[PDB]
Amino acid sequence: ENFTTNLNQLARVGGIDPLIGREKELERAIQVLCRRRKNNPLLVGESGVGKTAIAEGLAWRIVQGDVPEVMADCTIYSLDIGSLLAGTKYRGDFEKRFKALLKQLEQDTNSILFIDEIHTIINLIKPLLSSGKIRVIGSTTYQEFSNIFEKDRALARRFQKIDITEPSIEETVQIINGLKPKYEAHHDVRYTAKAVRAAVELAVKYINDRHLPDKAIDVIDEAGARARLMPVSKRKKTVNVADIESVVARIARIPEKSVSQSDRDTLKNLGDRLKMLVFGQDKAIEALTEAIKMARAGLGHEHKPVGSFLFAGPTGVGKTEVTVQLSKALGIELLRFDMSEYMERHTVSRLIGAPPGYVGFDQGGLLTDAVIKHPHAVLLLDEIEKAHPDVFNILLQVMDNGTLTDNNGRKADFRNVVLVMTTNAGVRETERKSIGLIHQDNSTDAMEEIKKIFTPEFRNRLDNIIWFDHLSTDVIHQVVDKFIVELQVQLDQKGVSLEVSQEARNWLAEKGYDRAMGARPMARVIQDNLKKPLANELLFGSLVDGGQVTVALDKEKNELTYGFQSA
Amino acid sequence: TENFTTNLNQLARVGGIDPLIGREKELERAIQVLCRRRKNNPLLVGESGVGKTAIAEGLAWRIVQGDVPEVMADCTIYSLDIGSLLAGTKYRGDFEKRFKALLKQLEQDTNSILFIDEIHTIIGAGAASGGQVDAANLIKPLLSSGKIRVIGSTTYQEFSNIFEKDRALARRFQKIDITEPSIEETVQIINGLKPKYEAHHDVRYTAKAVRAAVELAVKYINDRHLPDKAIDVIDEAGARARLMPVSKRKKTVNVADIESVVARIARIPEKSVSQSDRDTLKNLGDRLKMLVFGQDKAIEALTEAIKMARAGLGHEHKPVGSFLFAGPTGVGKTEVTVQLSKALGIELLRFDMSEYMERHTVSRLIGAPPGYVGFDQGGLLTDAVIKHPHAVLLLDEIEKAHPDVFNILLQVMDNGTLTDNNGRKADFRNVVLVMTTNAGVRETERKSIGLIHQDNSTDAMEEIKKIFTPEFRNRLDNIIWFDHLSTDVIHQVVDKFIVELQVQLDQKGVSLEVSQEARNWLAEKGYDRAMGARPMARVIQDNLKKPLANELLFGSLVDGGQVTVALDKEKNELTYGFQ
Amino acid sequence: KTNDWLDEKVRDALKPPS
Ligand SMILES: Nc1ncnc2c1ncn2[C@@H]1O[C@H](COP(=O)(O)OP(=O)(O)OP(O)(O)=S)[C@@H](O)[C@H]1O
Ligand SMILES: Nc1ncnc2c1ncn2[C@@H]1O[C@H](COP(=O)(O)OP(=O)(O)O)[C@@H](O)[C@H]1O
Ligand SMILES: Nc1ncnc2c1ncn2[C@@H]1O[C@H](COP(=O)(O)OP(=O)(O)O)[C@@H](O)[C@H]1O
């Protein structure tokens, strides 16, 4: 009694919440219990799916009487793992306590024991099952079932697998609606029907953390607590959809704008936002917006991925910038996998294999699990030309069916992820000089390179070939100013003030920036040129105090001249 | 000792122990071993659910009824519980004192015999972890001396690896092989256990019902062995029969209920096992005509083969049907496979043979052998068929497959089984194997070189013979050729495509009307002779779906729900009107 | 491409009551 509480008796007095739905799942649980042998139900599931609640809901049904006569008198007791284990801290002392508890249940016929999180415990579990005097309910995670139940033949034979699947979107809101009267009575304030339905959709799309149904129940209670606690509750007797989103911000860790509904609103601002931080190449961003626009409208196959993008040109063509901004604008975690490392059998196995350890089974496919970890996260691929043709074939499979299957058996859905690729074929051909007495430009069309490097089917499945325009000199000058501004703000904290001449910015721009390497060398060029000379003075010299710095160039020698003042 | 040890003979008198049926040969071997002066410890080794435990328990029941030899009579069988004995010791000498106490009781009574289920556990770690004073060492002198007799139960896999490693313990015991003699004994065995099961569920099992249960589980339920699975399905059927009588309904268990029970264990659609869906099979061909058309032989050949399988005339060990489709790409060879699974409501298994273009790739489908990186990962083909025993297996571009892949298919078609690295037997006779090839079209489509043309009637068949080895062709039930799509069929394909687009828009709330002339224009550009109807999906996707989607989000479609499609004669480009 | 597979009781003292 003390070690294990009585759920059936508890439900008779109250506390247990009535279970709505799950009629088919509960029906099967009743069926196995009525069996002469192998009558130990196993509510396999995931955290938050309601498997524990199903046990509590089953106990309520028995007292209510919605069960066969044989099961009407049965009593479900939930074994407390913490109570028995706590206070002993010894091997075999815990078992002695379990023997006494088991004896009490064995003495009383038609007694049901519920071992929540049974995998944690799993010596005495096998004997009670083999005897068959008392049937036992066990809740274990799907991952733990394979690790423990499947490996042990005896445990698997006695326990019957009952598949507990998460309810659909419509089902999840219905569960909240069924349980909404209880909540409203508890705090005396109600939620609008639009708000509860919206909570399910907004929670899963942004938080993506515990469970589809669990997040809905947790998000509704969190919203009511904030609104009721606030003094405005007297004036505000209903919960607005935005109010939940504002409360959801606390458990989101992102601004309210991201949580705010932007299915159609993001389209207009996202186009402007890309241009706000990126100068020029409006056509390139328009191609990206057009492909994702199709998914929001919804006039497409559900399995087909959200969007397909492509990038060409030299390294550092804003692939990281546009992707980071695109991910930020869409409020999706940025996931980037580099094909540059996938050039060997061991490395190429990484997409669907577990390079960290063969013993390790949880990670499985690193690229595949990344999608599973974040359903909406964007996938950024770079230097795909390097990768072997065989690896590229698997990409074609997911693009067609919009789904993948891991070696471990996990299934990943690409219906919610946009796939973008980056290619740098142009730099290799253009830099080469023609083999002739008089040289000729070796620049070639980017589309030509995509066709030769990749198979025709890839282009056919791909919605369109997107070529990003090359960087402009005006942008490079602005980029130089940004780095100086970044360096400038860093110096202001220490108390040093740096002033750079306009001619100095142009001077660094010509030598630093390269056509083949884009803006990558300019970044490095600004660090060594400016940080190194001041660094010596900052430690010891004129810049130790005051921090007065001037930057200028000498036209006669074409070398930068640095002036240091003690100040 | 009473807590740890339960008296089977005393329990048998009260009940609990089920009556043993048809194990005279197995039991006789056990008595001979028990009567031996030394090493009188019979060991029962067999597969899971073979009545291994029942044989030992049954001996007690037989002794209670006095149906055993006189020497065996006046004996007691004790079932030792290893788990209870190990639990609660929490000291170095607690296990030894209780174990020695138990042995003393058996030693005092010469007639008494002990039964240790899963005896392999004691040899691994019987008493202590990290110490060599195990339970087996304690009983090794006693078993050799013959003071106490111990019966054991172990699985073949457990007996080979965990047990028999220590020769000292193994020699003392006497291996007794236990195997299910036949399927007829199982139904006979269930009859003996029928009163106990019937009483628990308050149901009655018909003679036809009991026989049907064992047969259905054998073919469909491969998770467990024949005796246990057969008992399981009849046991579950009682539970189904318990739920239905809300108020004075029939309690009899019907074959239909048992058919549903086996379906739940295998999670199959339940249509194949039941014969009530003969109407759907009767009209399977007619339904397919609404689906991909233009090949009277493909639909007729495939539908006829499925019908004989349900009728009981299908191959006993080979797959339901083996067919090779040789025709131009894009003529519906692939669609017949995916249009038959949806109609039949069964899973679709598709493998890309093009990926398996090298010798090393074949190991992926069957798995890597022991001691290699891929042993942990099961074969792709074996995992898929085991996971989905009843499904449609689709192999595309079989001709491009490495010769090694073809060899694997030979055993699949001839024997209906494939063994993976783990050694499990994958039985997927229910699946219908269909392969699609594009080799034949090249010879027939191309005209013979020279001034005077030559007949191409046999060129298509010659190509099949060259590309496919004769042994492979023998296993194939039939080879069907797909004729080129006629102009009417190509136009019909567009009509289905617009209907699909119209149906998709109807759910969204938008109504689409396409001009008849516009359909003809789409057909010519979308359909290509060499590529068949493959580009039609892309043309419809890019041309029509992309513009409509823009207006759906914002525009005329969101406010008005109307759209139209037209063609511009001057520009020869489709024009869409949004309202 | 071979792979290698790598692979409670204490005495107590008693105190009589004083
Ligand atoms: N008789 C037909 N009636 C209707 N559609 C047809 C017919 N024949 C071919 N098609 C269509 O042709 C397209 C391709 O046919 P398949 O036999 O699947 O060839 P495929 O090369 O596998 O095609 P993909 O997957 O589109 S590259 C599909 O849209 C089919 O529905
Ligand atoms: N289908 C459902 N019907 C009702 N409540 C549910 C359902 N699924 C989950 N819940 C809720 O889940 C909460 C926690 O129970 P559960 O999810 O079983 O816990 P755990 O995550 O520990 O397994 C309960 O408050 C219950 O109301
Ligand atoms: N010959 C038989 N006579 C009677 N019942 C049998 C016989 N064979 C099997 N059974 C029934 O099926 C069960 C088979 O399971 P069992 O052999 O005990 O499994 P395991 O070997 O995995 O411990 C028996 O316990 C009994 O209920």
# chains A, B, ... in the order shown; residues from 1 in each chain; ligands from 1
call {"tool": "interface_residues", "arguments": {"of": "chain A", "to": "chain C", "cutoff": "9 Å", "atoms": "only C-alpha atoms", "output": "tab-separated table (two decimals) with C-alpha atoms, in the first residue's frame"}}
result
chain	number	residue	atom	x	y	z
A	90	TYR	CA	22.21	-1.32	-1.23
A	91	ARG	CA	22.19	-4.34	-3.54
A	92	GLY	CA	19.55	-6.86	-2.46
A	358	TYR	CA	29.64	1.26	-33.96
A	359	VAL	CA	28.46	0.43	-30.43
call {"tool": "residues_near_ligand", "arguments": {"ligand": "ligand 1", "cutoff": "8 Å", "atoms": "only C-alpha atoms and all ligand atoms", "output": "list in words"}}
result
residues 291, 292, 293, 294, 295, 329, 330, 331, 332, 333, 334, 335, 336, 485, 489, 490, 492, 493, 494, 496, 531, 532, 533, 534, 535, 536 and 537 of chain B
call {"tool": "write_last_selection", "arguments": {"atoms": "C-alpha atoms", "output": "PDB file, in the first residue's frame"}}
result
ATOM      1  CA  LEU B 291      -5.963   3.022 -63.454  1.00  0.00           C
ATOM      2  CA  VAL B 292      -3.095   2.661 -65.997  1.00  0.00           C
ATOM      3  CA  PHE B 293      -4.472   1.238 -69.270  1.00  0.00           C
ATOM      4  CA  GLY B 294      -3.370   0.300 -72.808  1.00  0.00           C
ATOM      5  CA  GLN B 295      -1.959  -3.139 -71.872  1.00  0.00           C
ATOM      6  CA  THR B 329      10.141   3.471 -70.625  1.00  0.00           C
ATOM      7  CA  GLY B 330       7.179   5.569 -69.520  1.00  0.00           C
ATOM      8  CA  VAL B 331       4.454   3.237 -70.861  1.00  0.00           C
ATOM      9  CA  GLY B 332       3.129   2.334 -67.388  1.00  0.00           C
ATOM     10  CA  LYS B 333       5.244  -0.688 -66.429  1.00  0.00           C
ATOM     11  CA  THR B 334       6.196   0.929 -63.120  1.00  0.00           C
ATOM     12  CA  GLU B 335       2.695   2.322 -62.540  1.00  0.00           C
ATOM     13  CA  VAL B 336       1.035  -1.107 -62.778  1.00  0.00           C
ATOM     14  CA  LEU B 485       0.869   4.128 -76.121  1.00  0.00           C
ATOM     15  CA  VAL B 489      -4.314   6.732 -74.575  1.00  0.00           C
ATOM     16  CA  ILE B 490      -1.829   9.620 -74.430  1.00  0.00           C
ATOM     17  CA  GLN B 492      -6.486  10.045 -71.906  1.00  0.00           C
ATOM     18  CA  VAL B 493      -3.402  10.346 -69.681  1.00  0.00           C
ATOM     19  CA  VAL B 494      -3.673  14.147 -69.773  1.00  0.00           C
ATOM     20  CA  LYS B 496      -6.373  11.980 -65.683  1.00  0.00           C
ATOM     21  CA  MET B 531      10.676   8.844 -72.697  1.00  0.00           C
ATOM     22  CA  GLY B 532       7.011   7.824 -73.006  1.00  0.00           C
ATOM     23  CA  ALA B 533       4.852   9.754 -70.541  1.00  0.00           C
ATOM     24  CA  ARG B 534       7.690  10.570 -68.103  1.00  0.00           C
ATOM     25  CA  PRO B 535       7.915  14.338 -68.887  1.00  0.00           C
ATOM     26  CA  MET B 536       4.130  14.842 -68.656  1.00  0.00           C
ATOM     27  CA  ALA B 537       4.335  15.036 -64.855  1.00  0.00           C
TER      28      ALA B 537
END
call {"tool": "closest_atom_pairs", "arguments": {"of": "chain B", "to": "ligand 3", "cutoff": "10 Å", "atoms": "only C-alpha atoms and all ligand atoms", "output": "tab-separated table"}}
result
residue	atom	partner	partner_atom_place_in_ligand_line	distance
B:17	CA	ligand 3	27 (O)	8.5
B:18	CA	ligand 3	5 (N)	6.2
B:19	CA	ligand 3	4 (C)	5.7
B:20	CA	ligand 3	3 (N)	3.9
B:21	CA	ligand 3	3 (N)	4.4
B:22	CA	ligand 3	1 (N)	6.0
B:23	CA	ligand 3	1 (N)	5.9
B:24	CA	ligand 3	1 (N)	9.6
B:26	CA	ligand 3	1 (N)	9.6
B:44	CA	ligand 3	21 (O)	9.4
B:45	CA	ligand 3	21 (O)	8.8
B:46	CA	ligand 3	21 (O)	7.4
B:47	CA	ligand 3	21 (O)	6.9
B:48	CA	ligand 3	22 (O)	4.4
B:49	CA	ligand 3	19 (O)	3.9
B:50	CA	ligand 3	17 (O)	4.6
B:51	CA	ligand 3	17 (O)	3.2
B:52	CA	ligand 3	17 (O)	4.0
B:53	CA	ligand 3	18 (O)	4.1
B:54	CA	ligand 3	25 (O)	5.0
B:55	CA	ligand 3	1 (N)	6.7
B:56	CA	ligand 3	18 (O)	9.4
B:57	CA	ligand 3	25 (O)	8.8
B:58	CA	ligand 3	3 (N)	7.8
B:117	CA	ligand 3	23 (O)	7.7
B:118	CA	ligand 3	23 (O)	8.0
B:153	CA	ligand 3	21 (O)	7.3
B:154	CA	ligand 3	21 (O)	7.5
B:155	CA	ligand 3	21 (O)	7.2
B:178	CA	ligand 3	17 (O)	9.8
B:179	CA	ligand 3	8 (N)	9.8
B:180	CA	ligand 3	8 (N)	8.1
B:181	CA	ligand 3	1 (N)	9.7
B:185	CA	ligand 3	1 (N)	8.4
B:186	CA	ligand 3	8 (N)	7.7
B:188	CA	ligand 3	3 (N)	9.3
B:189	CA	ligand 3	3 (N)	5.7
B:190	CA	ligand 3	5 (N)	7.3
B:191	CA	ligand 3	4 (C)	9.6
B:192	CA	ligand 3	4 (C)	7.4
B:193	CA	ligand 3	5 (N)	6.8
B:197	CA	ligand 3	27 (O)	9.9
B:224	CA	ligand 3	22 (O)	9.7
B:225	CA	ligand 3	14 (C)	9.3
B:226	CA	ligand 3	9 (C)	9.3
B:227	CA	ligand 3	9 (C)	5.6
B:228	CA	ligand 3	12 (O)	5.0
B:229	CA	ligand 3	12 (O)	8.5
B:230	CA	ligand 3	12 (O)	8.6
B:231	CA	ligand 3	12 (O)	6.4
B:232	CA	ligand 3	12 (O)	8.5
call {"tool": "closest_atom_pairs", "arguments": {"of": "chain A", "to": "ligand 2", "cutoff": "6 Å", "atoms": "only C-alpha atoms and all ligand atoms", "output": "CSV"}}
result
residue,atom,partner,partner_atom_place_in_ligand_line,distance
A:19,CA,ligand 2,4 (C),4.9
A:20,CA,ligand 2,3 (N),5.3
A:47,CA,ligand 2,21 (O),3.9
A:48,CA,ligand 2,17 (O),3.4
A:49,CA,ligand 2,17 (O),4.7
A:50,CA,ligand 2,18 (O),3.1
A:51,CA,ligand 2,18 (O),4.1
A:52,CA,ligand 2,18 (O),3.3
A:53,CA,ligand 2,18 (O),4.0
A:175,CA,ligand 2,3 (N),5.8
A:213,CA,ligand 2,8 (N),5.9
A:214,CA,ligand 2,9 (C),5.8
call {"tool": "write_last_selection", "arguments": {"atoms": "N, CA, C and O atoms", "output": "CSV table (one decimal), in the first residue's frame"}}
result
chain,number,residue,atom,x,y,z
A,19,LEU,N,-10.0,10.3,-19.5
A,19,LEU,CA,-9.3,10.0,-20.7
A,19,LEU,C,-10.3,10.2,-21.9
A,19,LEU,O,-11.4,9.5,-21.9
A,20,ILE,N,-10.0,11.0,-22.9
A,20,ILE,CA,-10.8,11.3,-24.1
A,20,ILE,C,-10.1,10.6,-25.3
A,20,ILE,O,-8.9,10.8,-25.5
A,47,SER,N,7.9,9.7,-24.5
A,47,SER,CA,7.6,10.6,-23.5
A,47,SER,C,6.6,11.7,-23.9
A,47,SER,O,6.8,12.3,-25.0
A,48,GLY,N,5.5,11.8,-23.1
A,48,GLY,CA,4.5,12.8,-23.5
A,48,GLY,C,3.4,12.2,-24.3
A,48,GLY,O,2.4,12.9,-24.5
A,49,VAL,N,3.5,11.0,-24.8
A,49,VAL,CA,2.4,10.4,-25.7
A,49,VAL,C,1.2,10.1,-24.9
A,49,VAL,O,0.1,9.9,-25.5
A,50,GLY,N,1.3,10.0,-23.5
A,50,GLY,CA,0.1,9.7,-22.7
A,50,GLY,C,0.0,8.2,-22.3
A,50,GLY,O,-1.0,7.8,-21.9
A,51,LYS,N,1.1,7.5,-22.4
A,51,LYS,CA,1.1,6.1,-22.0
A,51,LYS,C,0.8,5.9,-20.5
A,51,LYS,O,0.0,5.1,-20.1
A,52,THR,N,1.4,6.8,-19.7
A,52,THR,CA,1.1,6.8,-18.3
A,52,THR,C,-0.3,7.2,-18.1
A,52,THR,O,-1.0,6.6,-17.2
A,53,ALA,N,-0.8,8.2,-18.8
A,53,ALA,CA,-2.2,8.6,-18.7
A,53,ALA,C,-3.1,7.5,-19.1
A,53,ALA,O,-4.2,7.4,-18.6
A,175,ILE,N,-8.4,16.7,-27.8
A,175,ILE,CA,-8.1,16.3,-26.4
A,175,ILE,C,-8.1,17.5,-25.5
A,175,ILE,O,-8.6,17.4,-24.4
A,213,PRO,N,1.2,16.1,-28.6
A,213,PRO,CA,0.1,16.4,-27.7
A,213,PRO,C,0.7,17.0,-26.4
A,213,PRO,O,0.0,17.9,-25.8
A,214,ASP,N,1.8,16.6,-25.9
A,214,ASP,CA,2.3,17.1,-24.6
A,214,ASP,C,2.6,18.6,-24.7
A,214,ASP,O,2.3,19.3,-23.7
call {"tool": "select_by_dssp", "arguments": {"residues": "region 35-202 of chain B", "states": "strand (DSSP E or B)", "output": "PDB file with N, CA, C and O atoms, in the first residue's frame"}}
result
ATOM      1  N   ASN B  41      20.951 -36.686 -15.218  1.00  0.00           N
ATOM      2  CA  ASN B  41      20.431 -35.323 -15.312  1.00  0.00           C
ATOM      3  C   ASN B  41      20.027 -35.055 -16.756  1.00  0.00           C
ATOM      4  O   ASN B  41      20.847 -34.589 -17.559  1.00  0.00           O
ATOM      5  N   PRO B  42      18.775 -35.333 -17.131  1.00  0.00           N
ATOM      6  CA  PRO B  42      18.366 -35.073 -18.515  1.00  0.00           C
ATOM      7  C   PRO B  42      18.283 -33.583 -18.805  1.00  0.00           C
ATOM      8  O   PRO B  42      17.840 -32.794 -17.968  1.00  0.00           O
ATOM      9  N   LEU B  43      18.718 -33.207 -20.006  1.00  0.00           N
ATOM     10  CA  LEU B  43      18.688 -31.825 -20.468  1.00  0.00           C
ATOM     11  C   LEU B  43      17.809 -31.760 -21.707  1.00  0.00           C
ATOM     12  O   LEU B  43      18.062 -32.468 -22.687  1.00  0.00           O
ATOM     13  N   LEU B  44      16.797 -30.900 -21.665  1.00  0.00           N
ATOM     14  CA  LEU B  44      15.862 -30.716 -22.767  1.00  0.00           C
ATOM     15  C   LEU B  44      16.290 -29.479 -23.545  1.00  0.00           C
ATOM     16  O   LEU B  44      16.235 -28.364 -23.020  1.00  0.00           O
ATOM     17  N   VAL B  45      16.730 -29.681 -24.786  1.00  0.00           N
ATOM     18  CA  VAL B  45      17.172 -28.599 -25.659  1.00  0.00           C
ATOM     19  C   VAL B  45      16.275 -28.583 -26.888  1.00  0.00           C
ATOM     20  O   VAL B  45      16.054 -29.621 -27.521  1.00  0.00           O
ATOM     21  N   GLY B  46      15.738 -27.410 -27.201  1.00  0.00           N
ATOM     22  CA  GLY B  46      14.858 -27.257 -28.342  1.00  0.00           C
ATOM     23  C   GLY B  46      14.648 -25.791 -28.640  1.00  0.00           C
ATOM     24  O   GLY B  46      15.109 -24.912 -27.906  1.00  0.00           O
ATOM     25  N   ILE B  77       8.788 -33.751  -8.178  1.00  0.00           N
ATOM     26  CA  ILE B  77       9.513 -32.859  -9.077  1.00  0.00           C
ATOM     27  C   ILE B  77       9.476 -31.463  -8.472  1.00  0.00           C
ATOM     28  O   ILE B  77       8.399 -30.956  -8.138  1.00  0.00           O
ATOM     29  N   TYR B  78      10.648 -30.846  -8.335  1.00  0.00           N
ATOM     30  CA  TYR B  78      10.789 -29.519  -7.749  1.00  0.00           C
ATOM     31  C   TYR B  78      11.330 -28.545  -8.786  1.00  0.00           C
ATOM     32  O   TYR B  78      12.346 -28.822  -9.431  1.00  0.00           O
ATOM     33  N   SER B  79      10.648 -27.408  -8.940  1.00  0.00           N
ATOM     34  CA  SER B  79      11.031 -26.371  -9.894  1.00  0.00           C
ATOM     35  C   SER B  79      11.781 -25.261  -9.163  1.00  0.00           C
ATOM     36  O   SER B  79      11.176 -24.475  -8.425  1.00  0.00           O
ATOM     37  N   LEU B  80      13.094 -25.195  -9.368  1.00  0.00           N
ATOM     38  CA  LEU B  80      13.919 -24.175  -8.737  1.00  0.00           C
ATOM     39  C   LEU B  80      13.804 -22.847  -9.475  1.00  0.00           C
ATOM     40  O   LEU B  80      13.823 -22.804 -10.709  1.00  0.00           O
ATOM     41  N   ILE B 113      13.411 -35.095  -7.451  1.00  0.00           N
ATOM     42  CA  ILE B 113      14.099 -34.608  -8.639  1.00  0.00           C
ATOM     43  C   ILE B 113      13.887 -33.102  -8.710  1.00  0.00           C
ATOM     44  O   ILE B 113      12.850 -32.586  -8.282  1.00  0.00           O
ATOM     45  N   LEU B 114      14.877 -32.397  -9.257  1.00  0.00           N
ATOM     46  CA  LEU B 114      14.834 -30.950  -9.411  1.00  0.00           C
ATOM     47  C   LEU B 114      14.729 -30.567 -10.881  1.00  0.00           C
ATOM     48  O   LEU B 114      15.237 -31.266 -11.762  1.00  0.00           O
ATOM     49  N   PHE B 115      14.055 -29.445 -11.132  1.00  0.00           N
ATOM     50  CA  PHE B 115      13.891 -28.886 -12.469  1.00  0.00           C
ATOM     51  C   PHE B 115      14.377 -27.447 -12.424  1.00  0.00           C
ATOM     52  O   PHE B 115      13.893 -26.657 -11.608  1.00  0.00           O
ATOM     53  N   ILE B 116      15.328 -27.108 -13.291  1.00  0.00           N
ATOM     54  CA  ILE B 116      15.895 -25.764 -13.363  1.00  0.00           C
ATOM     55  C   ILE B 116      15.623 -25.232 -14.764  1.00  0.00           C
ATOM     56  O   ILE B 116      16.282 -25.635 -15.729  1.00  0.00           O
ATOM     57  N   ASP B 117      14.657 -24.327 -14.885  1.00  0.00           N
ATOM     58  CA  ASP B 117      14.373 -23.711 -16.170  1.00  0.00           C
ATOM     59  C   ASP B 117      15.460 -22.687 -16.466  1.00  0.00           C
ATOM     60  O   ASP B 117      15.912 -21.971 -15.568  1.00  0.00           O
ATOM     61  N   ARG B 149      19.238 -35.492  -8.837  1.00  0.00           N
ATOM     62  CA  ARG B 149      18.937 -35.464 -10.262  1.00  0.00           C
ATOM     63  C   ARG B 149      18.371 -34.093 -10.602  1.00  0.00           C
ATOM     64  O   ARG B 149      17.489 -33.594  -9.893  1.00  0.00           O
ATOM     65  N   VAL B 150      18.875 -33.489 -11.678  1.00  0.00           N
ATOM     66  CA  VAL B 150      18.465 -32.154 -12.097  1.00  0.00           C
ATOM     67  C   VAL B 150      18.041 -32.172 -13.560  1.00  0.00           C
ATOM     68  O   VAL B 150      18.793 -32.633 -14.425  1.00  0.00           O
ATOM     69  N   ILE B 151      16.833 -31.672 -13.827  1.00  0.00           N
ATOM     70  CA  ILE B 151      16.296 -31.536 -15.178  1.00  0.00           C
ATOM     71  C   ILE B 151      16.575 -30.111 -15.633  1.00  0.00           C
ATOM     72  O   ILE B 151      16.475 -29.171 -14.832  1.00  0.00           O
ATOM     73  N   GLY B 152      16.926 -29.942 -16.904  1.00  0.00           N
ATOM     74  CA  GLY B 152      17.241 -28.629 -17.438  1.00  0.00           C
ATOM     75  C   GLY B 152      16.522 -28.326 -18.735  1.00  0.00           C
ATOM     76  O   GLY B 152      16.166 -29.221 -19.502  1.00  0.00           O
ATOM     77  N   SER B 153      16.311 -27.030 -18.963  1.00  0.00           N
ATOM     78  CA  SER B 153      15.656 -26.509 -20.159  1.00  0.00           C
ATOM     79  C   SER B 153      16.506 -25.377 -20.715  1.00  0.00           C
ATOM     80  O   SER B 153      16.808 -24.419 -19.995  1.00  0.00           O
ATOM     81  N   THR B 154      16.890 -25.480 -21.988  1.00  0.00           N
ATOM     82  CA  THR B 154      17.712 -24.461 -22.629  1.00  0.00           C
ATOM     83  C   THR B 154      17.390 -24.383 -24.111  1.00  0.00           C
ATOM     84  O   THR B 154      17.005 -25.376 -24.732  1.00  0.00           O
ATOM     85  N   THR B 155      17.536 -23.186 -24.670  1.00  0.00           N
ATOM     86  CA  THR B 155      17.340 -22.993 -26.094  1.00  0.00           C
ATOM     87  C   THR B 155      18.591 -23.464 -26.833  1.00  0.00           C
ATOM     88  O   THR B 155      19.675 -23.566 -26.254  1.00  0.00           O
ATOM     89  N   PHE B 173      25.205 -33.530 -17.705  1.00  0.00           N
ATOM     90  CA  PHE B 173      23.881 -33.533 -18.300  1.00  0.00           C
ATOM     91  C   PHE B 173      23.869 -34.367 -19.579  1.00  0.00           C
ATOM     92  O   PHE B 173      24.907 -34.631 -20.190  1.00  0.00           O
ATOM     93  N   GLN B 174      22.666 -34.784 -19.976  1.00  0.00           N
ATOM     94  CA  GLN B 174      22.448 -35.611 -21.160  1.00  0.00           C
ATOM     95  C   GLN B 174      21.499 -34.873 -22.092  1.00  0.00           C
ATOM     96  O   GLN B 174      20.308 -34.732 -21.795  1.00  0.00           O
ATOM     97  N   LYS B 175      22.040 -34.398 -23.211  1.00  0.00           N
ATOM     98  CA  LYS B 175      21.262 -33.651 -24.188  1.00  0.00           C
ATOM     99  C   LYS B 175      20.122 -34.490 -24.753  1.00  0.00           C
ATOM    100  O   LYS B 175      20.323 -35.631 -25.179  1.00  0.00           O
ATOM    101  N   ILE B 176      18.923 -33.912 -24.748  1.00  0.00           N
ATOM    102  CA  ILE B 176      17.722 -34.527 -25.304  1.00  0.00           C
ATOM    103  C   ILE B 176      17.149 -33.528 -26.296  1.00  0.00           C
ATOM    104  O   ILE B 176      16.761 -32.419 -25.906  1.00  0.00           O
ATOM    105  N   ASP B 177      17.065 -33.920 -27.562  1.00  0.00           N
ATOM    106  CA  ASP B 177      16.566 -33.009 -28.586  1.00  0.00           C
ATOM    107  C   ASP B 177      15.045 -32.979 -28.561  1.00  0.00           C
ATOM    108  O   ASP B 177      14.393 -34.026 -28.490  1.00  0.00           O
ATOM    109  N   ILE B 178      14.486 -31.773 -28.625  1.00  0.00           N
ATOM    110  CA  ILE B 178      13.045 -31.549 -28.613  1.00  0.00           C
ATOM    111  C   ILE B 178      12.690 -30.771 -29.870  1.00  0.00           C
ATOM    112  O   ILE B 178      13.222 -29.678 -30.102  1.00  0.00           O
TER     113      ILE B 178
END
call {"tool": "interface_residues", "arguments": {"of": "chain A", "to": "chain B", "cutoff": "7 Å", "atoms": "only C-alpha atoms", "output": "list in words"}}
result
residues 31, 34, 35, 36, 91, 92, 93, 95, 96, 123, 124, 127, 294, 297, 299 and 407 of chain A
call {"tool": "atom_distance", "arguments": {"atom1": "CA of residue 208 (chain A)", "atom2": "CA of residue 120 (chain A)"}}
result
25.8 Å
call {"tool": "residues_around", "arguments": {"residues": "residue 476 (chain A)", "least_positions_apart": "5", "cutoff": "8 Å", "atoms": "only C-alpha atoms", "output": "list in words"}}
result
residues 471, 509, 513 and 519 of chain A
